[PDB]
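Visitor: no sequence on this one, just coordinates:
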Ligand SMILES: [Fe+3]
């Protein structure tokens, strides 16, 4: 995962990222943001007035200050006609919109703020700082990055190293597991919670598993991300895991099956100076 690089050209920056190269004007004034975390970072840096389009169909509870903005669809259902009609000077995307990069780059300079699951903290810093640098706000960004570092250390200091967690996602009645360096990796990689099974190694899709696997591993914590909440489906993780095999795990018996808010974890708000902070606190409060 290539870090974002910028070179000053007076009125504009020459910007290189994993997907390509763009000329980005300084102080862009009409920004379409498809990544929810970076939307939150815009709010944290007081750049709300620079934003002209957001994915209103997936706008979570903590980003309701952007409901007034023009909708450019959802994080997957990108509305190209809407984006084009706004005439933006900058489009910002993450992993979900990489597939749309060439069409978006025909409308305006398109900055990629991907989170590298193998290098979460560095990519996050580089994403926040590269946005800040467009506006001259490096100093504000560093103070907020330093707040996140502080929250990380508060979380870490409370972790019980004798305990092991499993991370699962639920989608319809299907359960998939995720481990270190996956899309939920920060629970293991940044907050230092031990994985039950270090050998689950996956990215965005996950290992297909069942309630017998979960009992076999017998984790002390189960972190559940229920994709059914995002997709509107009738099935609920709470129903999926209410069975006799899961009931016998240390997790069920100690009431440490923890239902993480998928508006943060699944929508992947990790680029947010305030949303990352809330996710770190959600982990910390679930295990302390
Ligand atoms: Fe998805």
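Guide: Sure thing, it's come through. Residues are numbered from 1 along each chain as shown.
Visitor: use CA for all of it now, contacts and neighbours both
Guide: Will do.
Visitor: so where do the strands sit in the stretch 101-250 of the chain?
Guide: Secondary structure of the stretch 101-250 of the chain, counting by DSSP state E, counting those that start in this stretch: strands at 110-112, 164-171, 174-178, 194-195, 207-209, 221-226.
Visitor: and the ones you listed, which is most packed in?
Guide: Of the strands of the stretch 101-250 of the chain, the one with the most neighbours on average (mean count of other C-alpha atoms under 10 Å) is strand 110-112, at a mean of 27.
Visitor: packing partners for it?
Guide: For strand 110-112, the elements it packs on are strand 90-93, judged by 3 or more C-alpha pairs under 8 Å, 6 or more residues apart in numbering; DSSP states H and E.
Visitor: show me what the strand it packs on is packed up against.
Guide: Applying 3+ C-alpha pairs under 8 Å, 6+ apart, we find strand 90-93 packed against strand 31-33, strand 110-112.
Visitor: pull out the buried positions in stretch 71-78.
Guide: Of the residues in stretch 71-78, 71, 72, 73, 74, 75, 78 count as buried by neighbour count, 16 or more other C-alpha atoms under 10 Å.
Visitor: hmm, back to that, to residue 273, which of the strands of the stretch 101-250 of the chain lies closest?
Guide: Closest to residue 273 of the strands of the stretch 101-250 of the chain is strand 110-112 (C-alpha to C-alpha; 17.1 Å).
Visitor: pairing partners for the closest one, with directions?
Guide: Neighbouring strands of strand 110-112 in its sheet, by DSSP bridges, are strand 90-93 (parallel).
Visitor: how far off centre is the strand it pairs with?
Guide: Relative to its chain's centre, strand 90-93 lies at 16 Å (C-alpha atoms, centre = their mean, to the nearest Å).
Visitor: ok, the closest residue to residue 104 other than its chain neighbours - contacts?
Guide: Closest residue to residue 104 apart from its sequence neighbours, by C-alpha to C-alpha, 6 or more residues apart in numbering: residue 110 at 6.6 Å. The contact partners of residue 110, taken as C-alpha atoms under 8 Å, 6 or more residues apart in numbering, are 22, 90, 91, 92, 93, 101, 104.
Visitor: who's in contact with residue 251?
Guide: Contact analysis of residue 251 by C-alpha under 8 Å, 6+ apart lists 218, 219, 220, 221, 222, 257.
Visitor: that one: which element?
Guide: Per DSSP states H and E, residue 251 falls inside helix 250-253.
Visitor: would you mark the buried spots in that helix?
Guide: 250, 251, 252.
Visitor: settle this for me: residue 66 is touching residue 54, isn't it.
Guide: Yes: Residue 66 is within contact range of residue 54, at 7.3 Å (criterion: C-alpha atoms under 8 Å).
Visitor: how about the helices and strands packed on strand 90-93, which one is nearest residue 199?
Guide: When these are compared (using C-alpha to C-alpha), the closest one is strand 110-112, at 30.0 Å.
Visitor: distance from the chain centre to the closest one, please.
Guide: On the basis of C-alpha atoms, centre = their mean, strand 110-112 sits 16 Å off its chain's mean C-alpha point.
Visitor: can you check stretch 136-148 too?
Guide: Put simply, stretch 136-148 sits 19 Å off its chain's centre (C-alpha atoms, centre = their mean).
Visitor: what comes up buried for it?
Guide: Buried residues in stretch 136-148, counted by 16+ other C-alpha under 10 Å: 137, 138, 141, 144, 145, 148.
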